[PDB]
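Residue numbers (the deposited numbering), protein chains in the order written: chain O1, 2 to 59; chain s3, 8 to 177; chain r3, 2 to 103, 112 to 214; chain m3, 3 to 295; chain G1, 2 to 160. By construction, the Cβ of each residue, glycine as well, lies at the ideal position given by its N, Cα and C atoms. For reference, the structure discussed in these notes is given below.
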Amino acid sequence: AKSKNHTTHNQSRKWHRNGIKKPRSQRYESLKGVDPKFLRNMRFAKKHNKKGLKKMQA
Amino acid sequence: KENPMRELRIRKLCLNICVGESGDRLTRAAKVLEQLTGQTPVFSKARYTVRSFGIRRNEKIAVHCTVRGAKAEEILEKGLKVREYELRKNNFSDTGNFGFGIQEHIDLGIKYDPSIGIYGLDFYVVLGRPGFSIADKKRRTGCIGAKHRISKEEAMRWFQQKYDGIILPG
Amino acid sequence: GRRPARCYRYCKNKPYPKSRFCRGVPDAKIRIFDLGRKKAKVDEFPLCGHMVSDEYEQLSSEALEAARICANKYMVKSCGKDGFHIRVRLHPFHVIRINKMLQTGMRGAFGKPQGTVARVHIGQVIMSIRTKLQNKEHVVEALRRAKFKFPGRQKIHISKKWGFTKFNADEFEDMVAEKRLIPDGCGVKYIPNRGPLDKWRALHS
Amino acid sequence: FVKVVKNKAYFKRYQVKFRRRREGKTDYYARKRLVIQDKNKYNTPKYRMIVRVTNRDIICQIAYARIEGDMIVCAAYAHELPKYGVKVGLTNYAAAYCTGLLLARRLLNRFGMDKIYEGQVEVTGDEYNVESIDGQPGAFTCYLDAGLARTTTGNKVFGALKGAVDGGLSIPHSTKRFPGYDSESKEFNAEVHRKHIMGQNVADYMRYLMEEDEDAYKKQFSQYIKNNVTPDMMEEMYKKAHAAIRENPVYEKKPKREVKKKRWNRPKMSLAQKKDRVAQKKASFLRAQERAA
Amino acid sequence: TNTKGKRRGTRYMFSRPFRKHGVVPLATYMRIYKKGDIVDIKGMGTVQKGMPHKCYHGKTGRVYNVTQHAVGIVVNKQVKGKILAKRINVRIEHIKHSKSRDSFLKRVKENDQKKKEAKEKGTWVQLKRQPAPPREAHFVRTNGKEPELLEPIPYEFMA
RNA sequence: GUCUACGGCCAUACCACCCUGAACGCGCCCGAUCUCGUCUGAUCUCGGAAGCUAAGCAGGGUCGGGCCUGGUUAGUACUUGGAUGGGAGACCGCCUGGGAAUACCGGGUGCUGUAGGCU
RNA sequence: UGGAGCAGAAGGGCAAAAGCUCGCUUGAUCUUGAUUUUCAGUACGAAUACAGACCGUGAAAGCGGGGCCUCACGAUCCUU
RNA sequence: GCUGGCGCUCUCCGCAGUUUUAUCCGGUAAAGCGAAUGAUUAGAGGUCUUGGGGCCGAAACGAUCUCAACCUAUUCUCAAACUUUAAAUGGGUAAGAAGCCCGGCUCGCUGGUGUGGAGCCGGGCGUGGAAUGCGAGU
RNA sequence: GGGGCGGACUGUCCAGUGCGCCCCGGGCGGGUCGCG
RNA sequence: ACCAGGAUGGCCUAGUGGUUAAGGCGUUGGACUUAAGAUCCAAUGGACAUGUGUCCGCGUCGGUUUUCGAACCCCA
Ligand SMILES: [Mg+2]
Ligand SMILES: [Mg+2]
Ligand SMILES: [Mg+2]
Ligand SMILES: [Mg+2]
Ligand SMILES: [Mg+2]
Ligand SMILES: [Mg+2]
Ligand SMILES: [Mg+2]
Ligand SMILES: [Mg+2]
Ligand SMILES: [Mg+2]
Ligand SMILES: [Mg+2]
Ligand SMILES: [Mg+2]
Ligand SMILES: [Mg+2]
Ligand SMILES: [Mg+2]
């Protein structure tokens with residue numbers, strides 16, 4: 002009892018029924034996978050942006 | 008007038024005794040090359056195994072040495088005094104080098120000792136002009152140029168005008 | 002022994018030459034591709050006639066030998082023993098297979122190399138004969154007889170060229186005279202105006 | 003005979019190397035590891051001390067690599083050591099030290115870091131490395147480019163290196179390659195390196211030759227006699243040279259003048275001329291037969 | 002079935018071009034890749050490290066991370082019926098700056114440069130690029146010569 | 001007009017042979033005390049400047065090879081889409097757009113960045 | 001110009017090398033996360049960029065957390 | 001994965017089984033073998049780079065012919081596991097307000113350098129920056 | 001195309017080929033402007 | 001046909017890990033005997049079936065050929 006092994010026949014129709022959507026790009030994307038040294042220093046910069054708050058208002 | 012740098016000079020005299028088997032019979036050939044050249048020679052290994060010769064790979068079967076300076080000149084005059092200043096026309100290579108072979112090293116004037124024996128050896132003379140070391144320098148290596156090369160018919164002329172040698176036909 | 006040529010008439014498979022991946026291939030039945038005076042000069046046999054295929058089909062090596070025997074026999078009969086030069090311009094390179102069945114069925118049904126068969130296109134020359142100009146009807150009847158050894162439709166075309174050359178028969182002789190073609194055995198060598206001048210001096214000395 | 007190797011197909015399949023490699027002037031394996039910055043540093047210049055020994059001149063350059071080419075920041079040669087007093091020996095280890103120190107002082111004066119980062123004002127020849135003073139600008143940091151020079155102990159690229167780090171440039175190095183480092187005991191002798199820096203290896207050779215062969219002394223140091231440089235003045239002459247280098251290391255440009263626009267090469271020959279030349283050659287070869295017969 | 006090997010079928014893709022083997026030219030390494038920069042992926046076979054997989058060769062992405070010898074790139078990759086935004090790590094040898102965005106940057110610089118002036122001169126410039134219009138009505142001068150007469154050639158059997 | 005040091009592009013730069021090369025330079029060249037490393041100061045490393053462009057190198061030359069860029073090949077081959085087009089088929093023609101590659105025949109033969117020389 | 005070699009199958013890659021010969025070594029070490037590959041976008045395996053140690057090596061730039069890449073392998077329960 | 005239902009969040013900028021303008025990617029068709037690898041047909045032109053022999057010599061690259069290989073240019077026919085070339089169709093990306101342009105802070109990362117990068121704040125600029133179509137998102 | 005000066009270069013017969021500056025004779029080619 | 005093997009002096013067989021060509025019979029030469037066998041003293045010979053790959057080096061290992069023998073070819 003042999004059978005059909007593989008096809009991609011109706012698949013392009015099934016992919017397009019609900020559409021082939023592009024992935025949702027929104028601004029401020031996540032920081033997973035960025036360099037840990039760079040991210041640790043970026044968190045120090047964000048931690049101390051309140052320090053020069055008087056120079057900003059001045 | 009030719010330039011002083013087109014003058015041919017002996018680059019090196021390369022002597023080897025190819026014994027064909029290792030051990031004491033090769034160390035005594037090393038002592039022959041030492042008493043001939045004033046320096047310790049280096050042994051050369053067999054590249055592969057041929058049973059018809061009795062050699063195995065990486066077995067020291069020859070010894071060789073290179074001499075330059077006035078010492079190459081002196082040992083070459085020794086070699087031609089053995090060979091009676093006769094060379095055959097086919098002894099000169101296509102690139103302007105020549106050579107010969109000695110059947111017995113004590114014919115050169117090395118005193119015989121019982122601790123060594125008698126070894127024949129092999130003489131090769133590499134000639135050059137000044138400037139031949141630019142193919143061997145590291146920084147800006149080049150080819151030596153066509154008009155600067157040594158022809159066979161020029162090395163034969165240098166030999167006959169430098170040792171009064173007789174180039175035997177055939 | 003071997004199947005009729007209608008089993009392997011059409012170029013259905015991809016090309017399958019003998020190589021390091023196809024071994025155990027028997028030699029082609031055709032071996033000699035040139036008959037007649039091979040040593041004849043380029044000015045001795047000016048008239049060339051081609052047997053040109055008209056189909057994208059496959060000619061067996063057995064047929065390529067049968068047609069060259071038929072054409073060779075008529076040209077030695079009609080032009081005499083050496084008055085022609087036949088060049089078969091197909092060499093059988095495409096190996097045809099066979100799945101011999103005396112049971113396995115179509116299990117593992119990849120063939121062993123049965124034979125060698127050449128591939129010809131629409132408009133590709135199968136056989137060429139060069140000879141003297143007066144042997145034209147003998148050329149045409151030789152290719153017309155050799156036609157029957159071949160499947161499919163072949164035309165006989167008297168070529169515009171001069172023998173087995175890429176140059177036209179009308180322009181040929183005066184461009185030999187101007188030293189643009191030097192005759193070199195069977196054909197010619199073209200001399201362009203592009204080499205070192207020492208070749209021009211050697212040609213025009 | 004022989005199948006010719008340099009046929010048409012050989013030059014069809016020939017891939018020529020880089021021009022600098024074909025000339026021999028560049029190790030691209032070294033240059034890739036040496037000039038390229040890490041990519042998270044973003045146009046931060048990576049600085050090199052190119053040190054090149056020619057037959058009559060040592061060249062010390064400070065460079066950084068760009069896409070459009072290497073950008074030289076500072077350069078110092080040995081032919082300007084006659085201005086500071088070193089008339090003779092423009093390619094010895096002492097001249098290598100002098101031009102490394104001159105490159106260092108010229109670059110620091112250009113960046114404004116001359117009075118800071120003075121290096122070893124007295125040369126004692128040991129291990130020294132400058133350090134960043136807080137509040138002040140951080141020290142200039144570059145890496146040595148020896149090129150193809152075989153970095154054995156006593157190479158003059160390390161004399162230039164020692165001149166730069168005694169001028170005040172932060173270059174990573176060890177003392178394994180300075181002359182005076184003993185290979186068997188694995189120790190470094192600063193006094194022997196001080197003799198090599200002050201040229202007390204070559205004055206020893208002049209004292210060696212003036213007792214053995216006066217004529218070989220004559221032919222070995224000929225411009226030393228003409229410039230009247232003796233074995234006894236070598237240390238203080240190099241000391242006065244180093245003091246003059248740190249006194250005034252700025253370089254003055256040799257002034258440009260007008261010339262009469264003289265061409266000294268053959269101009270490239272035109273298409274009309276190269277057609278006419280081969281037509282003339284054909285006509286001459288044919289007349290050398292129709293006049294011979 | 003096939004094999005799931007990483008470089009399966011990359012015989013010509015990761016190979017070097019003809020007479021382009023050996024030393025990688027060093028301004029490949031000297032190019033500045035910022036965050037957000039748009040680059041093209043093309044796997045060089047000289048460098049076996051940092052090599053992108055064959056499904057990224059000829060894809061264009063956005064750089065999200067920069068390290069010493071490599072960058073992280075967000076790459077659109079179609080996986081059957083969904084497009085995923087890939088976070089891949091690939092070395093500097095296998096990427097090159099895309100020129101598809103730096104002509105849009107040329108267009109925005111000449112569009113803000115045509116908004117900011119001609120506004121004080123009062124006229125109106127065009128910024129949306131229209132497609133290739135129908136060709137305008139024009140006169141064709143046949144000065145003297147009559148248009149050359151063409152006929153189909155007789156069929157001659159060439160060879 | 002050009003060179004040196006470092007390069008980018010990596011033959012329009014390579015290869016073969018030949019001719020020229022002012023000035024600085026680059027070199028060849030002289031030597032082995034020191035540093036250093038070799039069977040060998042040939043290489044590498046060091047200390048020099050008597051000699052010379054012979055070589056490298058630079059610039060030209062070759063009805064030069066290669067390379068680069070065009071024409072031809074050729075709207076050919078191939079090809080997207082179409083027909084109740086043809087043909088027993090093999091395959092072919094047309095409509096609709098797209099469109100090559102040899103042989104063959106022309107042209108070219110390193111540009112250029114930073115720093116510093118020479119005229 | 002590689003027509004050799006790189007342990008092997010084949011393919012790719014490689015010439016002051018990735019090959020051959022020496023010198024020194026143990027990055028074939030410890031520890032998080034992220035990613036690619038098969039993929040369901042799960043694991044294993046394999047791989048890739050990082051980061052934190054501690055080292056090796058080199059004059060240094062750097063390079064190295066196995067083998068130039070594509071292969072060379074293994075969950076729960078139990079045992080040790 | 002396809003499907004239905006239940007919704008929900010907005011709308012009354014966004015997106016597209018499409019083209020265009022840009023820009024990369026590819027090694028299939030074709031073509032090539034006077035181009036690498038492999039296969040392969042035929043003559044021709046050369047000499048010693050070797051050999052097989054007739055003939056003249058002790059013999060001699062001494063003379064003498066061939067015939068082979070060998071080399072140099074051509075030529076015939078080719079390749080899914082060859083390729084210098086190299087399509088058509090095709091696959092990414094971009095075609096703006098999440099964008100540009102000034103000013104100023106933070107950083108323990110970077111380090112000649114108020115350097116470089118990154119993150120924060122404040123301000124300015126709407127001709128909504130290809131064609132066509134359509135409400136989308138979850 | 002011609003003339004003048006300055007040079008470079010080539011041909012196994014004096015003969016020939018570019019290049020630089022200046023002048024004339026223009027023909028031509030279409031663009032831009034003015035006049036009928 | 002598929003699987004598993006096997007090819008070595010004249011015949012019959014050995015033979016690896018990779019370097020040694022082995023043994024019996026036979027053949028050959030000389031002794032013993034009147035002579036021949038038996039007996040005694042000795043000697044030679046191997047297309048290692050072919051070519052290819054690995055290796056320094058193969059009869060030996062690994063894939064392909066050419067001759068041979070063995071087992072299986074079942075349910076209808
Ligand atoms: Mg199924
Ligand atoms: Mg088929
Ligand atoms: Mg190095
Ligand atoms: Mg010397
Ligand atoms: Mg010279
Ligand atoms: Mg010269
Ligand atoms: Mg040419
Ligand atoms: Mg320049
Ligand atoms: Mg680490
Ligand atoms: Mg390794
Ligand atoms: Mg369980
Ligand atoms: Mg493919
Ligand atoms: Mg094809």
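For a Cβ distance threshold of 8 Å, residue set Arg147 of chain s3 lies close to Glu25 (chain m3), ordered along the chain. Within the model, the alpha-carbon separation for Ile227 (chain m3) versus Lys221 (chain m3) is close to 10 Å.
For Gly73 (chain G1), the enclosing beta strand (DSSP E) has its first and last residue at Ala71 to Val80.
At least one CB atom of chain m3 sits nearer than 8 Å to the CB of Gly23 (chain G1). Below the 9 Å Cβ cutoff, chain m3 contributes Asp40, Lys41 and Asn42 as neighbours of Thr68 (chain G1), in chain order.
The set of residues with any CB-heavy atom separation to ligand 1 below 7 Å comprises, in chain order, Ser4 (chain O1) and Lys5 (chain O1). For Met52 (chain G1), the three-state secondary structure derived from DSSP is coil.
With a cutoff of 8 Å on beta-carbon distance, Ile52 (chain m3) and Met31 (chain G1) are scored as not near each other.
For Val204 (chain m3), the enclosing alpha helix (DSSP H) has its first and last residue at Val204 to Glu214. When secondary structure is reduced to three states using DSSP, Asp35 (chain r3) falls in the strand class.
Counting C-beta atoms within 10 angstroms of its own C-beta, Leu142 (chain r3) has fewer than 16 neighbours from the protein chains shown and is therefore classed as exposed. In terms of CA proximity to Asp36 (chain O1), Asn66 (chain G1) leads the group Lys60 (chain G1), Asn66 (chain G1) and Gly37 (chain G1). Using a C-beta cut-off of 8 Å, the region 20 to 33 of chain r3 makes no contact with the region 116 to 126 of chain s3, since fewer than three inter-stretch Cβ pairs fall below that distance. Residue contact check for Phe20 (chain m3) against chain r3: no CB pair falls below 8 Å. Annotation: Cβ neighbours of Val280 (chain m3) in chain r3 (cutoff 8 Å, chain order): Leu206. Within the region 125 to 140 of chain r3, the residues whose Cβ lies closer than 8 Å to any Cβ of chain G1 are, in chain order, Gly132 and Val134.
With distances taken between CA atoms, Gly26 (chain m3) lies nearest to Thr148 (chain s3) out of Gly177 (chain s3), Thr148 (chain s3), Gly45 (chain s3) and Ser158 (chain s3). Against chain m3, the beta carbon of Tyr30 (chain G1) has neighbours under 8 Å at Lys34 and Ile38, listed in chain order. Chain r3 has no Cβ within less than 8 Å of the Cβ of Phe140 (chain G1).
For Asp116 (chain m3), no pairing in a beta bridge is given by DSSP. For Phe180 (chain m3), the nearest beta carbon of chain r3 is not closer than 8 Å to its own beta carbon.
For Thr125 (chain r3), the enclosing beta strand (DSSP E) begins and ends at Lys121 to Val129. Neighbours of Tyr13 (chain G1) in chain m3, taken as residues at a C-beta separation under 8 Å, are lacking, since the least C-beta distance is about 18 Å.
Taking C-beta separations shorter than 7 Å and ignoring five residues to either side along the sequence, the partners of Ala178 (chain r3) in its chain run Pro47, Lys169, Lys170 and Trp171, following chain order.
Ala166 (chain m3) sits away from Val159 (chain m3), with the two beta carbons spaced by 8 Å or more.
Neighbours of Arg98 (chain r3) in chain m3, taken as residues whose beta carbon is under 8 Å from its own, are absent, since the nearest beta carbon is some 35 Å off. In summary, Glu94 (chain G1) is buried, with 16 or more beta-carbon neighbours lying within 10 Å of its beta-carbon over all protein chains present.
Look at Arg33 (chain m3) here: in three-state DSSP terms it is helix. Within chain m3, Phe287 have C-beta atoms less than 7 Å from the C-beta of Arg210 (chain r3), given in sequence order.
Per the C-alpha coordinates, the member of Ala80 (chain m3), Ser187 (chain m3), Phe142 (chain m3) and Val125 (chain m3) positioned closest to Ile60 (chain m3) is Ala80 (chain m3). In the three-state DSSP reduction, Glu187 (chain r3) falls in the coil class, being neither helix nor strand. Against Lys283 (chain m3), the close residues of chain r3 are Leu206, in the order they occur along the chain (beta-carbon pairs closer than 8 Å). The beta carbon of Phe105 (chain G1) does not come within 8 Å of any beta carbon belonging to chain r3, so the residue lies off that interface. Here the alpha carbons of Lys100 (chain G1) and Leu54 (chain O1) stand approximately 41 Å from one another.
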